[PDB]
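Visitor: Take this sequence and fold it.
(8 chains, ligands or ions: 3)
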Amino acid sequence: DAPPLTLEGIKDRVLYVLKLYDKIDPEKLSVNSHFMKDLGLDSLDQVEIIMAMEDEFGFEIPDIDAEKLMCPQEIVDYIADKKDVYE
Amino acid sequence: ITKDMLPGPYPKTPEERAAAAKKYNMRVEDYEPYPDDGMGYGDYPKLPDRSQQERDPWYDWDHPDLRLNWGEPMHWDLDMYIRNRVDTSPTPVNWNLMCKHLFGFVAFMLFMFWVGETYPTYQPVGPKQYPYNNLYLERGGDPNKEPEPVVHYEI
Amino acid sequence: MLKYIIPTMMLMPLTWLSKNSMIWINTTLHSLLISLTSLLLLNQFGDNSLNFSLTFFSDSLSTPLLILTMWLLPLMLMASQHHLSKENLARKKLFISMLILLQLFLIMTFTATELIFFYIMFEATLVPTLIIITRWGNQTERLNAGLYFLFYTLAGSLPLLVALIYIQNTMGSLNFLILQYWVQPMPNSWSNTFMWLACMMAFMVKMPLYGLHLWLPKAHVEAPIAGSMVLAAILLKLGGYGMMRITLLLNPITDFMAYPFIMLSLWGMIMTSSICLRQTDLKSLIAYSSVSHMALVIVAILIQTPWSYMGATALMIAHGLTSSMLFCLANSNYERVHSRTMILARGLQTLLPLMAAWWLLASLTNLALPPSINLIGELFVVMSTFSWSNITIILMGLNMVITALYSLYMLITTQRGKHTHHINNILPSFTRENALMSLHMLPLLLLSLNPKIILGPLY
Amino acid sequence: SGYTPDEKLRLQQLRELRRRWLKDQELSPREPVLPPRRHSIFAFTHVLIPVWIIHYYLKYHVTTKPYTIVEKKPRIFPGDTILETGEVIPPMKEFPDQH
Amino acid sequence: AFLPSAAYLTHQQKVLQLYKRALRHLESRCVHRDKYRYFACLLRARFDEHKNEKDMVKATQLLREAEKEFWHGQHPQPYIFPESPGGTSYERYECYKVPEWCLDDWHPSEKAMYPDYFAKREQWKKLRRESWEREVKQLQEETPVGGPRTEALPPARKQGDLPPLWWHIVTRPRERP
Amino acid sequence: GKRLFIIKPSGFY
Amino acid sequence: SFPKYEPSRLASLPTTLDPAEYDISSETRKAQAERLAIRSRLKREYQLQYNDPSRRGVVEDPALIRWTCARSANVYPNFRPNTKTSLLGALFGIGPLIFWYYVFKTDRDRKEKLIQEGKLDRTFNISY
Amino acid sequence: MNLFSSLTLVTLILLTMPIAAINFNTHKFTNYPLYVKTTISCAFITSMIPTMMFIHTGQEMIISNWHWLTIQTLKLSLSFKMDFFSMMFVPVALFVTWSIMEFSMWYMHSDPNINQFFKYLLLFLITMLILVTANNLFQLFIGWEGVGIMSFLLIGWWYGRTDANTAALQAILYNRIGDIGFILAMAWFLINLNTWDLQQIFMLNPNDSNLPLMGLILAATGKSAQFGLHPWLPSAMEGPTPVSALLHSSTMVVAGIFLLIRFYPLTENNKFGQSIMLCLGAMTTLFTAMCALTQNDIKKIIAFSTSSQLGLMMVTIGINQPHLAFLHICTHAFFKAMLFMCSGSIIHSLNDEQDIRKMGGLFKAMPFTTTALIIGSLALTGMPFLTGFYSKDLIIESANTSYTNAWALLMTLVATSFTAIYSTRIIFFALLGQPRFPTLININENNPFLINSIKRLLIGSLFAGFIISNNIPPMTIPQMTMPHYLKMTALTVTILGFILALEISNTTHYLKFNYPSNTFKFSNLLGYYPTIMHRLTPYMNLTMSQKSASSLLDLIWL
Ligand SMILES: CCCCCCCCCCCCCCCCCC(=O)OC[C@H](COP(=O)([O-])OC[C@H](O)COP(=O)([O-])OC[C@H](COC(=O)CCCCCCCCCCCCCCCCC)OC(=O)CCCCCCCCCCCCCCCCC)OC(=O)CCCCCCCCCCCCCCCCC
Ligand SMILES: CCCCCCCCCCCCCCCCCC(=O)OC[C@H](COP(=O)([O-])OCC[N+](C)(C)C)OC(=O)CCCCCCCCCCCCCCCCC
Ligand SMILES: CCCCCCCCCCCCCCCCCC(=O)OC[C@H](COP(=O)(O)OCCN)OC(=O)CCCCCCCCCCCCCCCCC
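Guide: Numbering: from 1, shown residues only, chains lettered A, B, ... in the order given. Ligands and ions are numbered 1, 2, ... in the order given. Sharing the structure here:
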């Protein structure tokens, strides 16, 4: 039960979610692709992506942090903060 | 702690109100006391009676269980509005509408049980028949007296 | 009783001739030996009280209060020795001398054959308690309590003195043994009404009564730990002992003079228990709990049935042990966080698991968990007051909800929840503190096995 | 907008310190350094010796006292044989059969 | 309303939070996933109908009756995540989150049970105490007159220094002890 | 592997 | 149109349905900024003492000390006996005492009258 | 004789021996939960022999073994009543507790306070078998308050969480309000009958017994979560899953029902007490089953299930059928403990997920859990010749054919339909359909502890009604003659509930979004009863506890 999360695992799962998203092409998506400026998404799309992260990992990101996560690396770093990875 | 951070009497002049609002560590516009009817609250700030359940949970609190900060002037009934106790939080249904639905439901169920007790349902049978003078010696009848004959007949 | 008074007095040369590092050990040892000696008072009989001399006697009412009194001194010496460490040695010996003198006054207050010797020792117990509270109370702010002590002296002990001198002139004696056989009925008259108030109001304030309890959440707060232990454990019970002696002379006028004060207690335990639900101060919460439990003893003495006296003396012994342990738990947190605020240090079961076990056990005895003698006393008082009036069970049972409610709240606030972050001086439990909690609780639990020795003279 | 460069720098520095703390919460292969310290004994210690104790208690201290163990007398039917007496209970009346 | 950094909510933040709460309460209303995904694109269309509204007073009013719409259509018991506040597993392990300073109160016979751990904890505490006065004198020259305006703290500026007010954030207990 | 240290108060006393 | 939410004493109005939350004026900016400033200053004054290694004890909170001193000490010296205080101390002070007095006196007079008339079933009542 | 009383006391002393073991400890344990589970298994085996030699002859007795106190006419002795109720409840309680502890060795394995958990659970078992075997009111009050306090300590197990402490204090509050009535009954029997012993109460047989039976009905209201004092049993799902499985489904919450079944010779000669029990039980079994229709936490739904079954137990006491009510207790223990165990197996498999709206697709993922959940739901609803058929249907077969409050019967039938509704609601949202849980599947159940622990209660939930109802003697006359529309009542109403809730469940796949109705808002916010009274009654206390009590009177005027 309760498997350990790794930055490889969190990275691969966040990118696995974003590669199943029909406004992000899977060939331009990188680990530092900014949502508004580099992938060209809306703040509505950004809220849908953070809600997809909540659907993915089974917890909630609050809105004061959901309004600032603007790359997949910030998502991986935030889940690393809230899950204590690489003990 | 010393005296000039302790509570005092009711603020009458506005400069005493400003000295208290500096003492209680809040804005002078928000600082209102309890009204000086003589009930002994003193110059304590009348906070607007919000339960601590209502607060921001994701906010970085000094006291996370209380949802309270350091130096913040607490509510007067802060022991009462903890999350183990009295809540004032918003509800999906209105307060009076809840009271009306609960009172109508409870009183109507009481009235329907009174109606069903007024009119009881049963079986199309006679009474249950027991031998030996309605079981007189079994039900605690004395052995010296003899009751009336309780005789049942075939049908 | 002179095999107990003389060792208690020999604790004075024992405490003044002891070496400076040895004065706690010697007084604790010899007071524990006196408390072991104190079990010879259990030579009680089903008809006769144990009558030692012209001056001292012991029925089954005075005997458990004597054993609790002689047991309370080593516990007070353990509880009060930490916060007197930086004290002067001579002032420390003065503290121990005032404790010994208070025990000396109490153990011949409870055995007083004659009632004016009871009065002298009864009002003699106030002076070492006063000096202990005001010389070692760590802060003294008594602007309203001076006028209340004046009210205690006016409405209390002085009419008792004039009334006892009047009985001395009328009956010719104040021996309780003689007054068992020379008691006249006290009929309905205004002279006998002021006679009843004079005989009762001193002990009404000593219990305390609701409305007259204004001193007790002050004197418990402004005191050291030994003072609060002896106030909760013994010094309230002088009022109940004195009522159970003096209501022999107050028949049958008590049968219609009890009706105001019974109301003052039956509603009063509804209020003070509710007051414990809104206490910021933990020590004040335990004080109002003591008022809420002594209200039942007031009712049980005033209704004067056998079941009520049995329940009242069992409740007195049980509440003495329980509330003394509650004040000791309150001090075992106050010596760490240096404030009595109950919302300051929370979540202490995360830090002190065995001490939270002691908090749980003292709370369960506080809310009268059966078969503890708290519940036996509570229950017998409730049965007798049901025989008094069948409606009072409501005012009993509602109290028995709120008595549960603040008992676990005191457990939930102090021990459960999230720990306070900015408090980092929470040390582990010293073996002294756990020994103090166990020497409270384990006698209280063993008395559930054999409760017949704490059910008074008419068991 | 996201974070400032100050906030991203602070989160990166705090994240490096946090991962160092969490990695340094690990254990050594010697840790914990501990100080230097019959198939059915359950049914003997927990059952059989308590059955001995409780049988001694009930046989020589409880039933030797009056009315401590009171038992409902056994249910007597027509046709039974009494062991204390030797008396055979007679049967019931013959049945007015219904079927 | 009540936030650590900003003193208010911007209108953009209010729109995003109302959209998120509307979708969450909608998913509570609309349990099945394809059904919620259909109504989720319908609600995304309803939110993108007036995405390009320039008038901030008209957008304020539209947001206000959108809050009335959300309050009229809310679920009574919405899906709260278990470790989210209001959840069933929320703050469950807080009774297991012992603060770190309690390790200082251990007896040396059990401190010797984990020698490498406390031998490293000594230099952790050493790091903290030689970082403290440097980060205090960092904060005293950057804070404006009257105290700091916002609750956010500056980072470590020099190389070798540590960020100010860092020990309880770094050495906080794990969420699953 | 990856055994984690459990911070707890002193159970010695 | 829609049912408007009714606030109550125990059901407060939400932050979203309050109109004054949607104030955009600069005086609300000043009030919110001063509240954020006082809160940030008190937060900083707290966590400089909280994160201090040289302190090992209790960060004393004068708002908490002030709250307890208000709940205990400030009750008598700011009392003024007037119509409101005397009537409310006579309602909840000697009201329910008189109530339970007459209730229990009535029931005990009834029970005594039934006992001295041989009416009350006191058959197996030998514990009392 | 010498076998019966000896093994009777050996069972209780054997249950107390691991408490002495955990209190006399120095080492770290060689699997103390296995030791307690082995002890309770052997205590089950020990208590089987007095039950079998009761089924042989009907042998009941009293063990008044230790004289404790004599208050002048009241000889309080340590007195154990071994009758039909103890002989059927003790093996069922020990069997259920043995399955709960083999469950807990899997479920509570991550808890570092596992020895404290098994200690507290054994303390609960000891206090409960003190309750159900007590011969006087005082020892029964000991067990009564004991299961109340162990309920407190096992609700507030995660004592850092605010909601767990809140629910535990709530449960203590409602139970002490029931204790008002229990102490009222003790007071009445001591004054008017000079006894707390059951034998002198039953032999004197008072006629003016309305007031002690009102006290006992208030006690069962506080204890069995009847209407007015009910919401602590849904609040008490904040504790761990084996706590809610053992205590608050099957063992503790039947003790108010057991208190009223224990006093059946007083209720059978008081029609007013029967009518009040019938009305209160029908009100509770309506209300809690109606609240169960619109909930989404699975522990809440199964707690409303067990409180509706307790209301049905109160109904069948109220028709003067106490032995059918106690057969329903012994029956209900098996499948309701198994339903909580299977729900918690889903919860632990789905990483602490309890909300049914994020479940589904577990028919083939958790096959044994799905099998046992379907068997538990069908035993709950009254599938023919499962265990829940052998009591509950008979309850309806005596609720129709008796001189009954008609509206109580109609609400009993509406409750019988609602049981089928929420049972197939659980099977719909949790087992059927397509998955709704998050993406990292850690679904697993292949531990012999979990599988054997659900397996033995599965054997119970299949065979135990047949075995017990063919091993218990008649104490009433079973009413077996009724018309065919009246014999087929409970089955048809249950199948109508299944059909109505399947139509409700197949209206959820439709692509429509309706505004919430007032019935949905009423039943989802729990009849508005925990929303108002949990705010209003504390408020009117605590302001009155501060303004007038502390500040006005007892600091200024007096
Ligand atoms: C004269 C000879 C008599 C011999 C028999 C003994 C008679 C009773 C004596 C006293 C019994 C209690 C002793 C232990 C409690 C106090 C210390 C403590 O907390 O230890 C924890 C510790 C175990 O915990 P831990 O994990 O190691 O550390 C603590 C944890 O960190 C944190 O702790 P935790 O939270 O994990 O666990 C705490 C837990 C918490 O559990 C609870 O709170 C649950 C308790 C309430 C519900 C269950 C009980 C309900 C009532 C029914 C049972 C009683 C009647 C039964 C009779 C039949 C039915 C009528 O408490 C217990 O487990 C205690 C078990 C006993 C409880 C008794 C009832 C207390 C409730 C309040 C009063 C109720 C009415 C009065 C009862 C009187 C009984 C005689 O125990 C010990 O280390 C034992 C120390 C030695 C004990 C000696 C006992 C005898 C002392 C008397 C000396 C003189 C006579 C010589 C006899 C010597 C015999 C060896
Ligand atoms: C491993 C432990 C077991 C011990 C192993 C070593 C010894 C081997 C076994 C043999 C033991 C010795 C012989 C048997 C014991 C002695 C028998 C005997 O006559 O003893 C005298 C008496 C019997 O009572 P009695 O009737 O003779 O006298 C009572 C005393 N008077 C008359 C004054 C009131 O005492 C005992 O037996 C004590 C043991 C009692 C067991 C139960 C204790 C429960 C405690 C609960 C406290 C609270 C109660 C609340 C509830 C009350 C009711 C509602
Ligand atoms: C068969 C006959 C049936 C008769 C029925 C009629 C009689 C009984 C009437 C109902 C009485 C009980 C209901 C009222 C009190 C309920 C209090 C309670 O349970 O409070 C719970 C509350 C927390 O509840 P909740 O909101 O769910 O919390 C989770 C999220 N916050 O917790 C809190 O807020 C904490 C509050 C702590 C202080 C409590 C103060 C109130 C005390 C109430 C005592 C009531 C005594 C009644 C005595 C009756 C005597 C006859």
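
Visitor: phi, psi of residue B:68?
Guide: Note on residue B:68: its backbone torsions stand at phi -150, psi 150 [degrees, to the nearest 10].

Visitor: In chain F, which residue sits nearest chain B?
Guide: Nearest to chain B, among the residues of chain F, is residue F:7, at 18.0 Å (CB to the nearest CB). Backbone N, C-alpha and C define where each C-beta goes, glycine included.

Visitor: Residue E:44 touches residue A:47, doesn't it?
Guide: No - contact criterion CB atoms under 8 Å: residue E:44 and residue A:47 do not qualify, at 10.2 Å.

Visitor: Between the two, which has more neighbouring residues?
Guide: For residue E:44 versus residue A:47, neighbours defined as other CB atoms under 10 Å in any protein chain shown are more numerous around residue A:47 (20 against 17).

Visitor: helices and strands around the helix or strand hosting the more buried one, which ones?
Guide: Assigned by DSSP states H and E, residue A:47 belongs to helix A:43-57. Judged by 3 or more CB pairs under 8 Å, 6 or more residues apart in numbering or on different chains; DSSP states H and E, the packing partners of helix A:43-57 are helix A:7-18, helix A:72-83, helix E:11-29, helix E:33-48.

Visitor: closest one to residue E:71 among those helices?
Guide: For these, the distance to residue E:71 is smallest for helix E:11-29, at 9.7 Å, taking CB to CB.

Visitor: wait, does the closest one contact chain H?
Guide: Yes - Helix E:11-29 is in contact with chain H by CB under 8 Å from any CB of the partner chain, via E:28-29.

Visitor: neighbouring contacts of that helix?
Guide: Contact with helix E:11-29 is made by A:43-44, A:47-48, A:51, A:63, A:66-67, E:9, E:36, E:39-40, E:43, E:47, E:56, E:59-60, E:63, E:66-67, E:70, E:73-75, E:77-79, G:16, H:357, H:513, as judged by CB atoms under 8 Å, 6 or more residues apart in numbering or on different chains.

Visitor: Swap in 7 Å and give it another go.
Guide: The contact list for helix E:11-29 (CB atoms under 7 Å, 6 or more residues apart in numbering or on different chains) reads A:43-44, A:47, A:51, A:63, A:67, E:36, E:39-40, E:43, E:47, E:56, E:59-60, E:63, E:66-67, E:70, E:74-75, E:78-79, H:357, H:513.

Visitor: Could you give me the buried positions within that helix?
Guide: Residues E:13-29 are the ones in helix E:11-29 that count as buried (16 or more other CB atoms under 10 Å in any protein chain shown).

Visitor: What parts of chain C come near chain D?
Guide: Counting by CB under 7 Å from any CB of the partner chain, chain C comes close to chain D at no residue.

Visitor: Just the closest residue of chain C to chain G, please.
Guide: residue C:422 (3.8 Å).

Visitor: quick one: contacts for that residue?
Guide: G:50, G:58-59.

Visitor: Out of these, the closest to residue H:376 would be?
Guide: Taking CB to CB as the measure, residue H:376 lies nearest residue G:50 of the contacts of residue C:422, at 51.7 Å.

Visitor: That closest one contacts residue G:59, doesn't it?
Guide: Yes - using CB atoms under 7 Å, residue G:50 is in contact with residue G:59, at 5.7 Å.

Visitor: all helices for chain B, in order.
Guide: For chain B, applying DSSP state H gives helices covering B:14-23, B:95-118, B:131-135.

Visitor: Let me have those helices in CSV, adding distance to residue C:262 as columns.
Guide: Below are these laid out as CSV (distance: least, CB to CB, whole Å):
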stretch, distance to residue C:262
helix B:14-23, 46
helix B:95-118, 36
helix B:131-135, 49
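
Visitor: Tell me how far the residue nearest to the spatial centre of chain A lies from residue A:7.
Guide: The centroid of chain A falls nearest to residue A:75 when counting by CA atoms, centre = their mean (4.1 Å). According to CB to CB, to the nearest Å, residue A:75 and residue A:7 sit 11 Å apart.

Visitor: And for residue B:24?
Guide: Between residue B:24 and residue A:7 the computed distance is 48 Å (CB to CB).

Visitor: what does residue H:65 give?
Guide: From residue H:65 to residue A:7 the distance is 67 Å (CB to CB).

Visitor: Which of the two has more residues huddled nearby?
Guide: Per other CB under 10 Å, whichever of residue H:65 and residue A:7 has more neighbours is residue H:65, with 20 against 14.

Visitor: Spit out the contact partners of that one.
Guide: Taking CB under 7 Å, 6+ apart, we find residue H:65 in contact with D:62, D:68, H:78.

Visitor: Might one say that the first one is in contact with residue D:69?
Guide: Translated: residue D:62. Yes - applying CB under 7 Å, one finds residue D:62 in contact with residue D:69, separated by 5.9 Å.
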